[PDB]
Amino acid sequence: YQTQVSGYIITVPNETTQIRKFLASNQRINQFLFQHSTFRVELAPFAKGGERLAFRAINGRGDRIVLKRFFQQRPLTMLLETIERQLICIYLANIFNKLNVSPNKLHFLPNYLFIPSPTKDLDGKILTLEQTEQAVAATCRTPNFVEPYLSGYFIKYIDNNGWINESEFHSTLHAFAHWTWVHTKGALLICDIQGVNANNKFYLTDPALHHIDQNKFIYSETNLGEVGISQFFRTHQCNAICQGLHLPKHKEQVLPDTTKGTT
């Protein structure tokens, strides 16, 4: 069974700029674009995880998407952390890809929120965080996450604590993790790199993010601060992509360079 849901997709306008600003200064995103939207959603969820239920949907352009709804209410600012994290990863990955150090390209799945609405008057408008909370609360529902459907053989490549999948090693992913820390000047590290690999393309989902600032990604269970960053680097070996990029090493690195895998 499936029915129509109408409402608003909420994204961040000018994401590149806002992320670049969020990263350089210390100031949260305070700008959210609403776009009226209508999908067909299944009634029965086809999967659950620890925290939420997963429904198949079609978005109107005909794309296969997944709608995710949480088991019980979570406040907006928590859901927003997942979105802010995803937009950091996409922003980092786009830059990294553009370096053209590797024939493999990284794509984190887009995440946005959706809220059901009888009305379309916020369509095309940018709202503040407070205004977004009021539009969510007018609904009295926790918003859903929406992301493109991903099929294929799913693999966890690097966890958020120094573990490495050895038989599915790709040097592009390890150099990416290392580089995220270089590009953000030691502030953060992207790991929990996992998803699907097809035709030189990694479709990646649910990454973790370690931040040196305790006050920064406060809800994430997978953020392990400076300790997480150290854990990654203890087992990290700079590979031919790290070398090609001249990545300076974290001081916790002890192991010698390796030259297996890409390039």
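Start at 1 and count along the sequence shown; that's the residue number.
Q: Tell me which stretch, 52-60 or 32-40, has the higher mean Cα B-factor listed in the entry.
A: Going by the record's values, the stretch with the higher mean is 52-60.
Q: Comparing average C-alpha B factors as deposited, tell me which of 70-78 and 98-106 sits higher.
A: According to the PDB entry, the answer is 70-78.
Q: From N26, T235, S230, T205, pick the one with the largest CA B-factor in the entry?
A: The record points to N26.
Q: So among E133, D159, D123, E168, who wins on Cα B-factor in the entry?
A: If I rank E133, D159, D123, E168 by C-alpha B-factor, first place goes to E168.
Q: Within this chain's modelled residues, let me know which third the CA B factor of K251 belongs to: lowest, middle or highest.
A: Its C-alpha B-factor, which the entry lists for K251, ranks in the lowest third among residues of this chain.
Q: Relative to the other modelled residues in the chain, which third contains the C-alpha temperature factor of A198: lowest, middle or highest?
A: According to the entry, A198 has a C-alpha B-factor in the chain's highest third.
Q: Using the B-factors in the PDB entry, rank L209's C-alpha atom against the chain and give the third, lowest, middle or highest.
A: Tercile = lowest for this residue's CA B-factor.
Q: What third of the chain does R85 rank in for C-alpha temperature factor, lowest, middle or highest?
A: Middle third.
Q: Is the Cα B-factor recorded for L92 in the lowest, middle or highest third of its chain?
A: Its C-alpha B-factor, which the entry lists for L92, ranks in the lowest third among residues of this chain.
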